[PDB]
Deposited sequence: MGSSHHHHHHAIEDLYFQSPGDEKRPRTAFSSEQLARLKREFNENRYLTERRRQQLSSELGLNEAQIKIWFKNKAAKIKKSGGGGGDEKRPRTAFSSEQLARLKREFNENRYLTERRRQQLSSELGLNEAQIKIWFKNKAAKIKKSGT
């Protein structure tokens, strides 16, 4: 019976742009964090969109691999630049570096 607040709407829009896939745990987390029902979160995501893995292109992979080899530390500015030039969100760039570091640690 209550409208989403400005902060609730803004957060939902950010979440959906970052990742439109709602797992059970993510629906529960967002429900708790936002103070909205799971049904409300689920309906809002379904309306907006009416395990998704990105297929990183050869061009995206070549750039990420080169950037990691040049510098393993990812500044916010470079994260933003790579998000812009590669068409990936900042979280995806951060996770790519994290996964690549973990793969290296698993080897040597």
Unmodelled spans of the deposited chain sequence come out as 1-26, 77-89, 148
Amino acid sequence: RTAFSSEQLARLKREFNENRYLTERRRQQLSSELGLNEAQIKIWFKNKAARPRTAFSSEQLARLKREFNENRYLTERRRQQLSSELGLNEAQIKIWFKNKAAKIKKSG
From here on, numbers count along this sequence of modelled residues.
Stretch with the greater mean C-alpha B-factor as recorded in the entry, comparing 62-70 against 23-31
23-31
Residue range whose averaged C-alpha B-factor is higher in the record, 10-18 or 92-100
10-18
Test of reading the entry: by CA B factor among the chain's modelled residues, which third contains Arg53?
highest
Record-listed C-alpha B factor of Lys42: chain third:
middle
